[PDB]
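# Analysis of the macromolecular model
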Amino acid sequence: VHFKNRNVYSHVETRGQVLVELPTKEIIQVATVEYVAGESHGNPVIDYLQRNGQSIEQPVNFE
Amino acid sequence: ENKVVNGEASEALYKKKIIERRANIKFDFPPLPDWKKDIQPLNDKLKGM
């Protein structure tokens, strides 16, 4: 990301790989992520993942 | 998604303001008949009588 000002991006760029494990247990990309905003109040891709998915590892924090 | 990209503050511009109907009491005295449509066709016979 590049900043327009404190609060707004001059440019969101956001890219990478969406992956599947095959019955062989081999893995491939089946979709690319290819997002741009210029300005925005967020990043819909990342916003979406936090709302719909999870990290591959998480801390089991003690009480 | 449309909320998120624009952020929240913008939405006030589309959540349109609507008019509350404040009452309107009136001292409606009877509607004066039109001279031409109402009075005149009767006037020829009733004037001065």
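As annotated in the PDB entry, chain B carries the name 3-oxoacyl-[acyl-carrier-protein] reductase and comes from Chaetomium thermophilum var. thermophilum DSM 1495. Its PDB title, taken directly from the record, is "Protein community member fatty acid synthase complex from C. thermophilum".

The PDB entry annotates chain A as 3-hydroxyacyl-[acyl-carrier-protein] dehydratase of Chaetomium thermophilum var. thermophilum DSM 1495.

## Some details on the side chain of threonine 14 of chain A
All names here are of chain A. Of note, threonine 14 is situated in strand β2 (residues 9–21). Here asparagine 43 takes part through its side chain, which lies 2.8 Å from a polar atom of the side chain of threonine 14. For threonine 14, the residues in contact, after removing those within four places along its chain, are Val33, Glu34, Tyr35, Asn43, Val45 and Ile46.

Quick notes on the rules
Residues numbered from 1 in each chain as written, not as in the entry; some residues may be left out. Chains lettered and ligands numbered in written order. Part of a larger assembly, values for the part shown. Heavy atoms only, no water. Helix = DSSP H or I, 4+ residues; strand = E, 2+ residues; numbered from the N terminus. Polar contact = N/O pair within 3.5 Å; in protein donor to acceptor, adjacent residues only side chain to side chain. Contact = heavy atoms within 4.5 Å.

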